[PDB]
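To keep things clear, I will list the structure first and then write my remarks on it.
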Amino acid sequence: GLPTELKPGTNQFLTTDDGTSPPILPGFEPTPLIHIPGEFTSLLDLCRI
Amino acid sequence: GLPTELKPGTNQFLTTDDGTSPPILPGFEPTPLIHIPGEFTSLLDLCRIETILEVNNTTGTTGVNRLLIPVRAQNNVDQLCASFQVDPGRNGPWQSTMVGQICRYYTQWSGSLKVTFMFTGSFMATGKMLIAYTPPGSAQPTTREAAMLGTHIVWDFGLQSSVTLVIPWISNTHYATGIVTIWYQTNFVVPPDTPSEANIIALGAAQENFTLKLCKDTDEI
Amino acid sequence: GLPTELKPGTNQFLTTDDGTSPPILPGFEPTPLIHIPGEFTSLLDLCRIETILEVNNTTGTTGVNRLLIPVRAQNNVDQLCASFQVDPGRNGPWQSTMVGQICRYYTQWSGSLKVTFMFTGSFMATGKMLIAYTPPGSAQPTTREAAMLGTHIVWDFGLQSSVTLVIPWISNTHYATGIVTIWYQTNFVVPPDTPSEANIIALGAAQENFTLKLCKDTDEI
Amino acid sequence: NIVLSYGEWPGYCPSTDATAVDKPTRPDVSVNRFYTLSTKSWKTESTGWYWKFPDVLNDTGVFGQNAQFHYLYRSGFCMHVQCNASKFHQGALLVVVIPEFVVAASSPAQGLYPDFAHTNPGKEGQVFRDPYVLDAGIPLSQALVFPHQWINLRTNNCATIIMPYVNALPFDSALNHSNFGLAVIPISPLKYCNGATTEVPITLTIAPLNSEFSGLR
Amino acid sequence: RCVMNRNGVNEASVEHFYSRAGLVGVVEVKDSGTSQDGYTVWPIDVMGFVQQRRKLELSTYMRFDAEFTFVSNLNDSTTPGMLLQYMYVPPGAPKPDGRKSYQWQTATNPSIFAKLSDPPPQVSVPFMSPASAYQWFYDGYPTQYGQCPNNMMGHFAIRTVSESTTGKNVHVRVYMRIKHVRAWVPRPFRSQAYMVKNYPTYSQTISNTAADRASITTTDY
Amino acid sequence: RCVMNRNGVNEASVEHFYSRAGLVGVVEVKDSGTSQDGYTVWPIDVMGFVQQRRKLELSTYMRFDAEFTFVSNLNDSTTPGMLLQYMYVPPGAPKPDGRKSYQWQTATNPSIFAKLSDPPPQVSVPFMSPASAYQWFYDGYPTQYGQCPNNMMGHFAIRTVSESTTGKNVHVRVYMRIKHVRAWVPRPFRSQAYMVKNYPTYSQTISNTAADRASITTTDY
């Protein structure tokens, strides 16, 4: 609401904080993703080779 | 919403504020918890465990001897064996108990206590002790006759090795404590070739209705 | 949401702001509330209790004598016994009442008052007083005849020991007060061996329609 | 006729954690009876009297025995104040029950602390020094917020007030805490003519109501 | 001229009467000249000022929560980035003896760390009495007359978080707001000047409750 | 006098017992005089102070999350706009060797960048042990006696983000709040003075748990 208190941790940059930041170029449409063979989503798949 | 006012208490670090802070290592998965026996979630469970009272906390007594109330054959009759106050918080025999140690982490407590006496003489030894409780109003009884008029138990060694005394209510605030006295109801009686000296071990605990208020750091350490 | 603007009034401490602040001792359980008789949730209940008017608030009168209106056998007739204004807020007899003390904690009040008179003479004493109320428009009546034409009560001691007068409306703002006058309708009549002097005790209170506005610190203390 | 203090009939205390393990003693007519104090002589120059409860009954009969030899106490009181005046006597008494009646000392313009004879006057009671301020710095005129009854000699000669137990705790020590004070103050002074009795007797009768005791010594 | 209508009942409630944040203490943290303490211990006194003492003493028993606000600055009204510690010492806990005593590090004493440049720190202290309510009037003895220790609300120990003397005095204005107030057993407002802080003591020179006038028949003062 | 009622069970829980943010370390970042390091590496020690060590050693195994708050200022309590880096070095990661070592730039070491003028930085460290719980007592050998390396929680390396020496010492007060605590296997509270930081070692001069009195029959100390 309108009443608010700022808690400890205000104005801190934690390098592991997965927050949200505004886009630098709003309405920019990146190149659409084509299919590329050999997608890997895990390092354990590489460990098992 | 978007409109906002910051109130007093903004940018303050209150050490008792149970807020939320971001994890230092997001997506870190701690070691999963296995079953471990003996989980305790309450200090009152520890308060309800009987622990030895240091009733013989006298000058010059050292080591395990401080946990033993001596009982011997008496030349005189109706004598007083030992007395102690039922005061978990203050200095004295209750300092050696678990309930006595926990009460020093708090400011206020109330409830019923439990005192158990264990006779550790020979199987052949017999006699009677009068265990008297005086409520916080009065002073220590002067004679066994006076102690018999108040709350008391007559304890026979030859029949029961252990008796439980229940103190109905004690309390403390920011002591109002009773007194327990042990009297020689009878002489210590033994057959020949039997030690005429024995010991009583006193244990102390809290009942199911004991509670603690206002957590306070201990002065022991 | 995440986007936010801080408005004027940010970081201000308004002493009348009824906000929320974090508890200093979270998980502290206060002493549970027992039933206590005589809970009051309103100062108007105290305003509606009759309290003694200090009508005899004259120079040289000290102690309990200031609460007594003297009534005696009069050489002259139709004389004025006592007068006071029905003004809880300002200095005078209402200062000694509970409604008079509460009105000084507020700036504006309105409603009906209640004045009770108690005759404390002998059972054998008889006579009549004329109790007249003058609305805030006029001045004090000069004669009993003039007072009889306005709002008045003729009070007989031998029949009723106490009479209630109701002032229909008083008000105050950031005094517009009426006047109560007590006249000797008859001479004070007693049998032989009966005191010819007596007292009237005046009590004051507020009615059920009295109210208070704009809380304001008192100038008494 | 009967003033019920705060519209609360005295009653036995609800279940308590301390009283659950050892049930409190509830004495009967043997304790809960009428105690008639010594009569007070109301004179022209009298300033009034006050009594502390239960200090007034603390050394009197079986109630005094229970009060002294128990750690905890709880009781309501039914108090009767009676006058013996002729129809040729005049005067007004205020009978007021003051909860937590803390008596103040008067410092000459240095006694800033009242002595035990004033704080605990016993069964004989104490006379007021400054009845105008009730000996406590609060005006007598406003003492009608407390439970009270008038004794106007021309209308009534008796007052009855029923005071329940009023405390921040369900029990307390009878010997060192007074729950309330009973004050009798002549507002209109006693007047009479030559040949009448020069004093009006004032009799205080007390009945404990729903007395409770705990932790007998 | 005359208030024709009624003012409503909201501002005559006990909740509103004892409401609004009010100054209860001016704490000076001296660090320069002859007084280089660098800390202060302030006992929490709801009755520090006579105006608030008279309002609270309208009741006999009172139960409430207190919200405290600390308004802090230097002598010249400046508020630089000095860091301050506001420690709440609960009733029956040891108090700091010096600028660097170990009680400043006690975890069971809640602390606020705030800068002078921050908006004022604010925190709620709950109902703290071992009884069901605070007693403004206790007619008895602890075991001085009328000194009940159940009205101890704690202590605010304030220091600058600094190693050696800073040479700067900090003025802390403590504001307290009573919350969720319940009051029992109405009493007359005090009519005599207060002599001492904890007693009803008054001077023998008794002041009349009502202002004097010339005669009981005149209405001009 | 006597607490007639019960105090509840909330404050006797293990969760409440091990709760509230407490000082676990005073870290000095020296940048002037003979010590121009400009950084400090502080090992995370939950048992830095004896008061907290004794409370934690009530348990054998304990699983919790820790929330850390850094309260930082200069010698004279001032908090200017100096930028600081608070790096968390997880267990088994290299520590900084100097003010500008490459470990300050390691991405897998989480950092907090905060100014001294900002409100204190706060972050939650999860449960870090390779075992299901932290072991305050490990009865065995790694392959010294009783030195379990599974209780390593990491390191807080603190520096000023600066090129050359600033000439200013920064005092960092580290506050830790235990969260979601589970405790296993209750143990007696320590009765002897601690000799060393990681051992149960005690002096041969053994102190009695209970304070001495004159005789087993007297109740005066």
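Each chain in the structure tokens gets a letter, A, B, ..., in the order shown, and its residues are numbered from 1; ligands are numbered from 1 in order too.
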Contact check, chain A to chain F, at most 12 Å, counting only C-alpha atoms, closest pairs as a Markdown table:
```
| residue | atom | partner | partner_atom | distance |
| --- | --- | --- | --- | --- |
| A:5 | CA | F:119 | CA | 11.8 |
| A:6 | CA | F:119 | CA | 8.6 |
| A:7 | CA | F:119 | CA | 7.7 |
| A:8 | CA | F:120 | CA | 5.3 |
| A:9 | CA | F:121 | CA | 4.5 |
| A:10 | CA | F:119 | CA | 6.4 |
| A:11 | CA | F:118 | CA | 6.6 |
| A:12 | CA | F:114 | CA | 5.0 |
| A:13 | CA | F:113 | CA | 5.1 |
| A:14 | CA | F:112 | CA | 4.5 |
| A:15 | CA | F:111 | CA | 5.6 |
| A:16 | CA | F:110 | CA | 6.0 |
| A:17 | CA | F:110 | CA | 9.2 |
```
Would you write out those residues with N, CA and C atoms, as an mmCIF file, in the first residue's frame?
```cif
data_model
loop_
_atom_site.group_PDB
_atom_site.id
_atom_site.type_symbol
_atom_site.label_atom_id
_atom_site.label_comp_id
_atom_site.auth_asym_id
_atom_site.auth_seq_id
_atom_site.Cartn_x
_atom_site.Cartn_y
_atom_site.Cartn_z
ATOM 1 N N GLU A 5 7.772 0.756 5.038
ATOM 2 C CA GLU A 5 9.066 0.841 5.751
ATOM 3 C C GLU A 5 10.126 0.144 4.907
ATOM 4 N N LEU A 6 11.299 0.746 4.794
ATOM 5 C CA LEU A 6 12.436 0.106 4.098
ATOM 6 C C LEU A 6 13.217 -0.715 5.115
ATOM 7 N N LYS A 7 13.431 -1.990 4.818
ATOM 8 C CA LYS A 7 14.087 -2.943 5.732
ATOM 9 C C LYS A 7 15.573 -2.988 5.438
ATOM 10 N N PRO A 8 16.390 -3.567 6.342
ATOM 11 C CA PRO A 8 17.777 -3.897 6.006
ATOM 12 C C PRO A 8 17.879 -4.755 4.741
ATOM 13 N N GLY A 9 18.900 -4.495 3.936
ATOM 14 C CA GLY A 9 19.016 -5.070 2.583
ATOM 15 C C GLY A 9 18.537 -4.115 1.505
ATOM 16 N N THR A 10 17.988 -2.966 1.869
ATOM 17 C CA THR A 10 17.661 -1.867 0.940
ATOM 18 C C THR A 10 18.952 -1.309 0.345
ATOM 19 N N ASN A 11 18.918 -1.013 -0.950
ATOM 20 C CA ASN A 11 20.020 -0.357 -1.701
ATOM 21 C C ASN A 11 21.271 -1.229 -1.706
ATOM 22 N N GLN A 12 21.154 -2.549 -1.593
ATOM 23 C CA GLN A 12 22.345 -3.428 -1.646
ATOM 24 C C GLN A 12 22.347 -4.106 -3.010
ATOM 25 N N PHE A 13 23.521 -4.267 -3.589
ATOM 26 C CA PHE A 13 23.682 -5.056 -4.822
ATOM 27 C C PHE A 13 24.258 -6.410 -4.426
ATOM 28 N N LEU A 14 23.403 -7.413 -4.336
ATOM 29 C CA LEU A 14 23.802 -8.823 -4.146
ATOM 30 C C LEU A 14 23.981 -9.428 -5.531
ATOM 31 N N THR A 15 25.186 -9.857 -5.854
ATOM 32 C CA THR A 15 25.521 -10.389 -7.192
ATOM 33 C C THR A 15 24.756 -11.673 -7.505
ATOM 34 N N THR A 16 24.174 -12.359 -6.537
ATOM 35 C CA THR A 16 23.392 -13.587 -6.821
ATOM 36 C C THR A 16 21.892 -13.321 -6.780
ATOM 37 N N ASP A 17 21.457 -12.080 -6.583
ATOM 38 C CA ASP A 17 20.014 -11.747 -6.542
ATOM 39 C C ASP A 17 19.441 -11.826 -7.958
#
```
Exercise for review: Tell me, as JSON, numbers by chain, which residues lie within 6 Å of residue 112 (chain B), counting only C-alpha atoms; anything in the same chain fewer than 5 positions away does not count.
Suggested key: {"B": [167, 168, 169, 207]}
**Study point:** Who sits within 8 Å of residue 46 (chain B), only C-alpha atoms, same chain under 6 positions skipped, as a PyMOL selection string
**Key:** (chain B and resi 98-99) or (chain F and resi 186)
Report as a tab-separated table the residues of chain C within 6 Å of chain B, each with its shortest atom pair and distance in Å (one decimal), using only C-alpha atoms, ordered by chain and increasing residue number.
```
residue	atom	partner	partner_atom	distance
C:1	CA	B:1	CA	5.6
C:3	CA	B:2	CA	5.9
C:4	CA	B:2	CA	4.1
C:5	CA	B:3	CA	5.3
C:6	CA	B:4	CA	4.9
C:7	CA	B:5	CA	5.8
C:10	CA	B:5	CA	4.4
C:11	CA	B:6	CA	5.3
```
Would you output that residue set with N, CA and C atoms, as a JSON list (two decimals), in the first residue's frame?
```json
[["chain", "number", "residue", "atom", "x", "y", "z"],
["C", 1, "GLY", "N", 3.31, -2.45, -6.54],
["C", 1, "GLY", "CA", 4.24, -3.28, -7.38],
["C", 1, "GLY", "C", 5.69, -2.87, -7.19],
["C", 3, "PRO", "N", 7.60, -0.78, -9.53],
["C", 3, "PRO", "CA", 7.67, 0.66, -9.74],
["C", 3, "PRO", "C", 6.99, 1.44, -8.61],
["C", 4, "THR", "N", 7.62, 2.52, -8.18],
["C", 4, "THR", "CA", 7.19, 3.25, -6.97],
["C", 4, "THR", "C", 7.66, 4.70, -7.06],
["C", 5, "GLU", "N", 6.84, 5.61, -6.58],
["C", 5, "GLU", "CA", 7.24, 7.02, -6.34],
["C", 5, "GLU", "C", 6.97, 7.35, -4.88],
["C", 6, "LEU", "N", 7.90, 8.04, -4.24],
["C", 6, "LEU", "CA", 7.69, 8.52, -2.86],
["C", 6, "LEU", "C", 7.05, 9.90, -2.93],
["C", 7, "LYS", "N", 5.93, 10.08, -2.24],
["C", 7, "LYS", "CA", 5.14, 11.32, -2.27],
["C", 7, "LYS", "C", 5.57, 12.23, -1.13],
["C", 10, "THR", "N", 6.62, 11.64, 3.00],
["C", 10, "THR", "CA", 7.65, 10.60, 3.21],
["C", 10, "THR", "C", 8.62, 11.06, 4.30],
["C", 11, "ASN", "N", 9.00, 10.13, 5.17],
["C", 11, "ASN", "CA", 10.02, 10.33, 6.23],
["C", 11, "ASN", "C", 9.56, 11.39, 7.23]]
```
Exercise for review: Within region 40-193 of chain C, find each residue whose DSSP state, derived from the backbone, is helix (DSSP H, G or I), and express the selection as a list in words.
Suggested key: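 These are the residues in question: residues 43, 44, 45, 46, 47, 63, 64, 65, 66, 67, 93, 94, 95, 96, 98, 99, 100, 101, 102, 103, 144, 145, 146, 147, 148 and 149 of chain C.
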Excluding region 75-90 of chain C and its own-chain neighbours fewer than 2 positions away, which residues fall within 6 Å of it when counting only C-alpha atoms? Please give them as a JSON list (two decimals) with N, CA and C atoms, in the first residue's frame.
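Result saved to result_30.json:
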```
[["chain", "number", "residue", "atom", "x", "y", "z"],
["C", 94, "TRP", "N", -18.37, 24.72, 39.23],
["C", 94, "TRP", "CA", -18.28, 23.49, 38.39],
["C", 94, "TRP", "C", -16.86, 22.96, 38.31],
["C", 100, "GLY", "N", -17.09, 19.18, 35.10],
["C", 100, "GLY", "CA", -16.30, 20.41, 35.01],
["C", 100, "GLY", "C", -14.85, 20.12, 34.74],
["C", 103, "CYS", "N", -14.51, 18.69, 30.93],
["C", 103, "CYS", "CA", -14.74, 19.76, 29.93],
["C", 103, "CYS", "C", -13.45, 20.56, 29.70],
["C", 104, "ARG", "N", -12.55, 20.64, 30.67],
["C", 104, "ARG", "CA", -11.28, 21.38, 30.49],
["C", 104, "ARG", "C", -10.29, 20.59, 29.65],
["C", 144, "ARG", "N", -37.41, 37.73, 43.77],
["C", 144, "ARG", "CA", -38.07, 36.41, 43.71],
["C", 144, "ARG", "C", -39.27, 36.49, 42.76],
["C", 177, "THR", "N", -23.85, 30.82, 28.76],
["C", 177, "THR", "CA", -24.27, 30.00, 29.93],
["C", 177, "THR", "C", -25.46, 30.67, 30.62],
["C", 178, "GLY", "N", -26.33, 29.84, 31.18],
["C", 178, "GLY", "CA", -27.43, 30.31, 32.02],
["C", 178, "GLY", "C", -27.00, 30.57, 33.45],
["C", 179, "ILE", "N", -27.97, 30.90, 34.29],
["C", 179, "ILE", "CA", -27.73, 31.20, 35.73],
["C", 179, "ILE", "C", -28.79, 30.46, 36.53],
["C", 180, "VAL", "N", -28.37, 29.87, 37.64],
["C", 180, "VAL", "CA", -29.28, 29.25, 38.63],
["C", 180, "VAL", "C", -29.26, 30.12, 39.87],
["C", 181, "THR", "N", -30.44, 30.51, 40.34],
["C", 181, "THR", "CA", -30.58, 31.31, 41.57],
["C", 181, "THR", "C", -31.50, 30.57, 42.54],
["C", 182, "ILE", "N", -31.16, 30.64, 43.82],
["C", 182, "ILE", "CA", -31.95, 30.01, 44.90],
["C", 182, "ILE", "C", -32.52, 31.13, 45.75],
["C", 183, "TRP", "N", -33.84, 31.18, 45.85],
["C", 183, "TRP", "CA", -34.53, 32.26, 46.59],
["C", 183, "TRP", "C", -35.22, 31.68, 47.82],
["C", 184, "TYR", "N", -35.37, 32.51, 48.83],
["C", 184, "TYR", "CA", -36.15, 32.18, 50.04],
["C", 184, "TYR", "C", -37.62, 32.41, 49.74],
["C", 185, "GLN", "N", -38.32, 31.39, 49.27],
["C", 185, "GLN", "CA", -39.78, 31.48, 49.02],
["C", 185, "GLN", "C", -40.50, 31.72, 50.35],
["E", 216, "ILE", "N", -21.50, 34.46, 47.55],
["E", 216, "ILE", "CA", -22.27, 33.30, 47.01],
["E", 216, "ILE", "C", -23.43, 33.82, 46.16],
["E", 217, "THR", "N", -23.69, 35.12, 46.13],
["E", 217, "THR", "CA", -24.83, 35.70, 45.39],
["E", 217, "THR", "C", -24.38, 36.45, 44.14]]
```
Taking only C-alpha atoms into account, which residues of chain B are within 9 Å of chain D, as an mmCIF file with N, CA, C and O atoms, in the first residue's frame?
```cif
data_model
loop_
_atom_site.group_PDB
_atom_site.id
_atom_site.type_symbol
_atom_site.label_atom_id
_atom_site.label_comp_id
_atom_site.auth_asym_id
_atom_site.auth_seq_id
_atom_site.Cartn_x
_atom_site.Cartn_y
_atom_site.Cartn_z
ATOM 1 N N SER B 110 6.479 -20.059 36.521
ATOM 2 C CA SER B 110 5.480 -20.524 37.491
ATOM 3 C C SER B 110 5.127 -21.964 37.165
ATOM 4 O O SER B 110 5.268 -22.412 36.009
ATOM 5 N N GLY B 111 4.618 -22.658 38.159
ATOM 6 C CA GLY B 111 4.130 -24.026 37.970
ATOM 7 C C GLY B 111 4.450 -24.859 39.169
ATOM 8 O O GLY B 111 4.904 -24.321 40.196
ATOM 9 N N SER B 112 4.209 -26.150 39.030
ATOM 10 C CA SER B 112 4.453 -27.142 40.098
ATOM 11 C C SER B 112 5.802 -27.798 39.856
ATOM 12 O O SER B 112 6.173 -28.049 38.697
ATOM 13 N N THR B 134 7.045 -26.639 53.476
ATOM 14 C CA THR B 134 6.497 -25.389 54.037
ATOM 15 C C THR B 134 6.202 -24.429 52.901
ATOM 16 O O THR B 134 7.088 -24.132 52.109
ATOM 17 N N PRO B 135 4.971 -23.899 52.790
ATOM 18 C CA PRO B 135 4.655 -22.950 51.719
ATOM 19 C C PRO B 135 5.409 -21.638 51.891
ATOM 20 O O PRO B 135 6.003 -21.393 52.939
ATOM 21 N N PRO B 136 5.469 -20.781 50.851
ATOM 22 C CA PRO B 136 6.317 -19.585 50.906
ATOM 23 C C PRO B 136 6.026 -18.589 52.039
ATOM 24 O O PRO B 136 6.924 -17.826 52.388
ATOM 25 N N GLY B 137 4.819 -18.625 52.609
ATOM 26 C CA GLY B 137 4.433 -17.758 53.739
ATOM 27 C C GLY B 137 5.341 -17.901 54.957
ATOM 28 O O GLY B 137 5.807 -16.862 55.481
ATOM 29 N N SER B 138 5.583 -19.132 55.411
ATOM 30 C CA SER B 138 6.220 -19.416 56.725
ATOM 31 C C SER B 138 7.738 -19.538 56.597
ATOM 32 O O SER B 138 8.270 -19.582 55.461
ATOM 33 N N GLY B 150 2.013 -29.415 59.082
ATOM 34 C CA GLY B 150 1.864 -28.953 57.688
ATOM 35 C C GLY B 150 1.856 -30.096 56.686
ATOM 36 O O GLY B 150 1.765 -31.275 57.076
ATOM 37 N N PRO B 168 3.038 -27.725 45.117
ATOM 38 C CA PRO B 168 1.858 -27.387 44.322
ATOM 39 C C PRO B 168 2.098 -26.172 43.408
ATOM 40 O O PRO B 168 1.618 -26.168 42.294
ATOM 41 N N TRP B 169 2.829 -25.160 43.860
ATOM 42 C CA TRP B 169 3.019 -23.951 43.018
ATOM 43 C C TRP B 169 4.191 -23.130 43.526
ATOM 44 O O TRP B 169 4.238 -22.836 44.713
ATOM 45 N N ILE B 170 5.089 -22.769 42.623
ATOM 46 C CA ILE B 170 6.145 -21.752 42.866
ATOM 47 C C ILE B 170 6.042 -20.737 41.740
ATOM 48 O O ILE B 170 5.472 -21.045 40.684
ATOM 49 N N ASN B 209 2.648 -28.402 34.045
ATOM 50 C CA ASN B 209 2.032 -27.052 34.067
ATOM 51 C C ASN B 209 3.070 -25.944 34.299
ATOM 52 O O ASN B 209 2.649 -24.779 34.498
#
```
Practice item. Define the interface residues of chain F facing chain C as those within 10 Å, counting only C-alpha atoms, and report them as an MDAnalysis selection string. Key: chainID F and resid 3 5:11 16 19:20
Write a file of the just-selected residues containing N, CA, C and O atoms, as a compact mmCIF listing (two decimals), in the first residue's frame.
```txt
# COMPACT_ATOMS: atom_id res chain seq x y z
N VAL F 3 2.54 -15.13 40.74
CA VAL F 3 1.94 -15.26 39.38
C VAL F 3 0.93 -16.40 39.46
O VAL F 3 1.35 -17.55 39.53
N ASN F 5 -1.31 -17.39 37.21
CA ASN F 5 -1.64 -18.05 35.92
C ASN F 5 -0.37 -18.63 35.28
O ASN F 5 0.75 -18.50 35.84
N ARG F 6 -0.54 -19.24 34.11
CA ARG F 6 0.58 -19.80 33.33
C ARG F 6 0.98 -18.82 32.23
O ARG F 6 0.13 -18.06 31.73
N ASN F 7 2.24 -18.92 31.83
CA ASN F 7 2.92 -17.93 30.96
C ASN F 7 2.84 -18.36 29.49
O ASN F 7 3.39 -17.64 28.64
N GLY F 8 2.22 -19.50 29.18
CA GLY F 8 2.20 -20.06 27.81
C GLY F 8 3.48 -20.80 27.45
O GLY F 8 4.43 -20.87 28.27
N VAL F 9 3.52 -21.38 26.26
CA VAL F 9 4.59 -22.34 25.87
C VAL F 9 5.40 -21.80 24.69
O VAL F 9 6.34 -22.48 24.27
N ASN F 10 5.05 -20.64 24.15
CA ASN F 10 5.66 -20.14 22.90
C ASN F 10 7.15 -19.84 23.10
O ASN F 10 7.94 -20.21 22.22
N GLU F 11 7.51 -19.24 24.21
CA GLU F 11 8.89 -18.76 24.46
C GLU F 11 9.78 -19.86 25.00
O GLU F 11 10.94 -19.57 25.28
N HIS F 16 12.15 -20.34 19.42
CA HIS F 16 12.24 -19.04 20.13
C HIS F 16 13.53 -18.96 20.92
O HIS F 16 14.08 -17.87 21.04
N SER F 19 16.46 -17.88 18.83
CA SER F 19 16.04 -16.82 17.86
C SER F 19 16.61 -15.45 18.27
O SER F 19 17.38 -15.40 19.24
N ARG F 20 16.23 -14.40 17.54
CA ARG F 20 16.70 -12.99 17.70
C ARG F 20 18.10 -12.85 17.09
O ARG F 20 18.96 -13.74 17.29
```
Practice item. Using CA of residue 22 (chain C) and CA of residue 175 (chain E) as the two end points, give the distance in Å to one decimal. Key: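 Here the two named atoms are 15.8 Å from each other.
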Exercise for review: Pull out every residue of chain E sitting within 9 Å of chain F, counting only C-alpha atoms, and send them as a list in words.
Suggested key: residues 80, 81, 82, 83, 84, 105, 106, 107, 108, 110, 113, 114, 115, 118, 130, 131, 142, 143, 160, 161, 162, 163, 164, 165 and 166 of chain E
Kindly save the residues from that selection, with N, CA and C atoms included, as a compact mmCIF listing (two decimals), in the first residue's frame.
```
# COMPACT_ATOMS: atom_id res chain seq x y z
N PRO E 80 23.64 14.47 11.17
CA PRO E 80 24.59 13.83 10.26
C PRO E 80 24.46 12.30 10.29
N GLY E 81 25.39 11.58 9.67
CA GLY E 81 25.27 10.12 9.53
C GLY E 81 25.76 9.35 10.74
N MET E 82 25.72 9.92 11.94
CA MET E 82 26.16 9.20 13.16
C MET E 82 25.24 7.99 13.39
N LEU E 83 25.83 6.85 13.71
CA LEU E 83 25.08 5.61 13.99
C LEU E 83 24.81 5.52 15.49
N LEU E 84 23.57 5.21 15.83
CA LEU E 84 23.12 5.12 17.24
C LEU E 84 22.53 3.74 17.48
N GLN E 105 25.87 -6.05 23.97
CA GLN E 105 25.97 -7.18 23.02
C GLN E 105 24.98 -8.29 23.39
N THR E 106 24.21 -8.14 24.46
CA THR E 106 23.22 -9.15 24.90
C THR E 106 22.13 -9.28 23.84
N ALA E 107 21.87 -10.49 23.37
CA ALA E 107 20.92 -10.73 22.26
C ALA E 107 19.49 -10.60 22.78
N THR E 108 19.24 -10.92 24.04
CA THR E 108 17.87 -10.85 24.62
C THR E 108 17.49 -9.41 24.91
N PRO E 110 16.62 -6.35 22.92
CA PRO E 110 16.43 -5.92 21.54
C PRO E 110 17.08 -4.55 21.31
N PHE E 113 19.45 -0.24 15.52
CA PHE E 113 20.58 0.50 14.92
C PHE E 113 20.00 1.43 13.87
N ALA E 114 20.13 2.72 14.10
CA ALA E 114 19.62 3.75 13.17
C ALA E 114 20.60 4.90 13.12
N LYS E 115 20.65 5.57 11.99
CA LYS E 115 21.48 6.78 11.81
C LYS E 115 20.66 8.02 12.16
N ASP E 118 18.52 9.12 9.35
CA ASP E 118 17.35 8.28 9.02
C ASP E 118 16.09 8.91 9.62
N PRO E 130 3.53 -8.30 35.18
CA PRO E 130 3.12 -9.63 35.64
C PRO E 130 1.64 -9.73 36.04
N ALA E 131 0.98 -8.61 36.35
CA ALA E 131 -0.47 -8.57 36.64
C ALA E 131 -1.25 -8.36 35.34
N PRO E 142 5.48 -3.73 49.42
CA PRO E 142 6.09 -4.83 48.68
C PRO E 142 6.30 -6.10 49.53
N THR E 143 6.70 -5.94 50.80
CA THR E 143 6.90 -7.08 51.74
C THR E 143 6.86 -6.59 53.19
N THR E 160 25.95 6.11 21.14
CA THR E 160 26.53 6.20 19.79
C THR E 160 27.44 4.99 19.59
N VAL E 161 27.34 4.34 18.46
CA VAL E 161 28.20 3.16 18.19
C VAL E 161 29.55 3.73 17.79
N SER E 162 30.41 4.00 18.75
CA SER E 162 31.73 4.65 18.51
C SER E 162 32.80 4.08 19.44
N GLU E 163 34.07 4.17 19.04
CA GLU E 163 35.21 3.63 19.83
C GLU E 163 35.64 4.57 20.96
N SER E 164 36.07 5.79 20.64
CA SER E 164 36.39 6.84 21.64
C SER E 164 35.34 7.95 21.56
N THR E 165 35.39 8.89 22.50
CA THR E 165 34.49 10.07 22.52
C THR E 165 34.38 10.77 21.16
N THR E 166 33.17 11.16 20.79
CA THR E 166 32.90 11.86 19.51
C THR E 166 32.91 13.37 19.70
```
